[PDB]
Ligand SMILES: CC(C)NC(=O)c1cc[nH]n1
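To begin, one chain is listed below as structure tokens, in the form solved without the named molecule.
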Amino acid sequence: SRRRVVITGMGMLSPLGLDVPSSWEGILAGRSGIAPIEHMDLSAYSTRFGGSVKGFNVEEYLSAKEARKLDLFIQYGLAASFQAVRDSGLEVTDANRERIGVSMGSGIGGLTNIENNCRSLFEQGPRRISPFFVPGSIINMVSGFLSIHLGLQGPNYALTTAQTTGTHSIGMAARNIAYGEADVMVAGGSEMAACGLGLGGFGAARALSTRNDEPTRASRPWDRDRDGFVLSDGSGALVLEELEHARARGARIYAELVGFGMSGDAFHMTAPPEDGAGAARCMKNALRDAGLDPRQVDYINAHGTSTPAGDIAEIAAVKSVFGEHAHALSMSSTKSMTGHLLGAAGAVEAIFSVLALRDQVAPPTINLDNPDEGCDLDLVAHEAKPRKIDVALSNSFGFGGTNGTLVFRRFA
């Protein structure tokens, strides 16, 4: 019968910092992690900025020997995973290694490595492709390498649900624990899509902000002058743990994971429906799963990508689900500061939702100078808002019409 799931450890790389506390400091200060990209020449591209991880030192985590085999998205996912395991205080033993698994996902995986190898193939032939090309680029190798390095023998898998990946990974990993398939899961996502193919591909779709001359102002969820999402890199990982398992070892518990929803829009390959119908179905599934009155929701970490259609769909969904209570809750987009970490967005936003519960503060939506038509909720414009938060919801929506919602609440 269904067990309770709590969060005992968190880990992160983001455009705002190389761990959770540094990133969260940035979030509560309204700081932008968006800047012109330095790691390649984008003069031919329509978008030349994004949210890069700054000063990542893989030698805090991995031998130079292992690191050279791995795409940046795998390095970032292992960094966040290792942080989360250390933060949890969990000791892996022969007694518990079969009950600890991992589900770290990605939207696009090792696109930098794949591009570099494609260049080698075309210019120099197949004998110049790296022997590590497949295992060093494939999405499941965060799960795989973490399992090998820590000796985790529980369920081992990876999701890829585009911009919903991190939210789905955490929710499904919680179900594994709830249903008795594991006692502990490391779950989240990682992404590093800032190669020519990534910036070029989203650029070809005209999906990205082109505010090159003012990158920190580009991500402006619900602002009338928004012109698309900002591409960002990084990782989030949580240690999810069965409640009695955590209590038995005297774990520090950040919060309880009480609800998870999924739904499909069944609408369009890339566009969310204007009325947010699929997002509303997803949130209602999540709130029913948590056994909650919708009026218990205090804070929503929105998907809030800074696209014209997505941002207004989310207002329409939140009004549909919460009715008059839509005017009492606080909803913000931390993507205003971090940009869109794609498959890692739901993982870092789950962590920000847990810290909102820990610190009783709604992070701001920076850049919200002129809320658009109908964007008249408490969107925490400009500055962090201390407030009572017992229940926090984190939403994600992705290509293929795929929706996820996590519901967290305070634990005492």
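Position 1 is the first residue in the sequence shown; the rest follow in order.
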Completion exercise
Of 343-351 vs 66-74, the stretch with the larger average CA B-factor in the entry is 66-74
Exercise for the section: Using the B-factors recorded in the PDB entry, average over the C-alpha atoms of 183-191 and of 271-279, then report which stretch comes out higher. Expected result: 271-279
Handout entry: Member of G151, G234, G198, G105 with the greatest C-alpha B factor (per the PDB record)
Key = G198
Completion exercise
Reading the B-factor column for Cα atoms of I100, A162, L90, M337, the highest value belongs to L90
Practice task
Relative to the other modelled residues of the same chain, rank the CA B-factor of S1 and answer lowest, middle or highest third.
Solution key: highest
Completion exercise
For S263, the third of its chain by CA B-factor is the highest
Handout entry: Third of chain Cα B-factors occupied by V230
Key = lowest
Handout entry: Chain-relative CA temperature factor third for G304
Key = middle
Fill in the blank from the handout: Here the Cα B-factor of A207, set against its chain, lands in the third termed highest
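Just so you know, the form deposited with the named molecule bound exists too; it's not on screen, but the next bit is about it.
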Exercise for the section: With the named molecule left out of view, choose which of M331, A313, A246, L72 has a non-hydrogen atom within 4.5 angstroms of it in the deposited bound form. Expected result: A313
Handout entry: Partner proximity in the deposited bound form: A279 to the named molecule, non-hydrogen atom cutoff 4.5 Å
Key = yes
Practice task
Spell out, yes or no, whether the shortest heavy atom distance between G339 and the named molecule in the deposited bound form is within 4.5 Å.
Solution key: no
Handout entry: Contact test in the deposited bound form: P221 vs the named molecule, heavy atoms, 4.5 Å
Key = no
Practice task
May I ask you to check whether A271 falls inside a 4.5 Å heavy atom distance of the named molecule in the deposited bound form?
Solution key: yes
Practice task
Taking only heavy atoms into account, state which residues of 382-401 are within 4.5 Å of the named molecule in the deposited bound form, ordered by sequence.
Solution key: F397, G398, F399
